[PDB]
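K.L.:
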């Protein structure tokens, strides 16, 4: 759950770091203010993105041997399907009884 | 007099027939529910 958001934020930060490095290079090579701080921030963000990528790659490696988490609660799915079918059949029978009663009265 | 009694009896018989027709479906639904919920698990 949180690892997905972490990887998404890491990718967004890598993109932002690339953009900041490009902008800092442009501002520094245009003419010769904040170019030094911009380059420092860009280098720091690039290093942080690299560290985050290395940490995510150095994960616990849950299985890496076969198809893990086999069985997605299919029994519960089938039970819920049968319950819904029972409810639908009950509704149909109740509607039939109601039509019979309306024809009676 | 007697004709009114005969007509009332005919109407009562028709109502009883409709009542039995409704009760058939009622008991059918009761059996279906009580037998389907029993096979659970």
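Chains as they are written, first to last, in full-length UniProt numbering: chain A, 8 to 39, 43 to 115; chain B, 138 to 178.
Think of the CB as a built atom: it goes at the ideal place given N, C-alpha and C, for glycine as much as any other residue.
With 16 other CB atoms within 10 Å as the buried threshold, where does residue 73 of chain A fall?
P.N.:
Classification of residue 73 of chain A: exposed, given that the 10 Å Cβ count is below 16.
K.L.:
Do residue 162 of chain B and residue 106 of chain A have their beta-carbon atoms positioned less than 8 Å apart in this structure?
P.N.:
Cβ atoms of residue 106 of chain A and residue 162 of chain B: closer than 8 Å.
K.L.:
Compute the Euclidean distance between the alpha carbons of residue 171 of chain B and residue 15 of chain A, then round it to the nearest angstrom.
P.N.:
The alpha-carbon atoms of residue 171 of chain B and residue 15 of chain A are separated by roughly 52 Å.
K.L.:
Counting only Cβ pairs nearer than 8 Å, list the residues of chain B close to residue 106 of chain A.
P.N.:
In chain order: 162.
K.L.:
Alpha carbon to alpha carbon, what distance is there between residue 97 of chain A and residue 12 of chain A?
P.N.:
When rounded, the distance between both Cα atoms is 39 Å.
K.L.:
What distance in whole Å lies between the Cβ atoms of residue 59 of chain A and residue 17 of chain A, which are believed to be in contact at a cut-off of 8 Å?
P.N.:
That belief holds up - the Cβ atoms of residue 17 of chain A and residue 59 of chain A are roughly 6 Å apart, short of 8 Å.
K.L.:
Can you check whether the C-beta of residue 13 of chain A is within less than 8 Å of a C-beta belonging to chain B?
P.N.:
Not closer than 8 Å to any Cβ of chain B, the Cβ of residue 13 of chain A fails to qualify, so no.
K.L.:
Taking all protein chains shown into account, decide if residue 153 of chain B is buried (16 or more other Cβ within 10 angstroms of its Cβ) or exposed.
P.N.:
Looking at its Cβ environment, which holds fewer than 16 other Cβ atoms inside 10 Å, residue 153 of chain B is exposed.
K.L.:
Quick one: grab the DSSP three-state call for residue 178 of chain B.
P.N.:
Reduced to three states, the DSSP call for residue 178 of chain B is coil.
K.L.:
Are the C-beta atoms of residue 166 of chain B and some chain A residue less than 8 Å apart?
P.N.:
Answer yes: the Cβ-Cβ gap between residue 166 of chain B and chain A drops below 8 Å somewhere.
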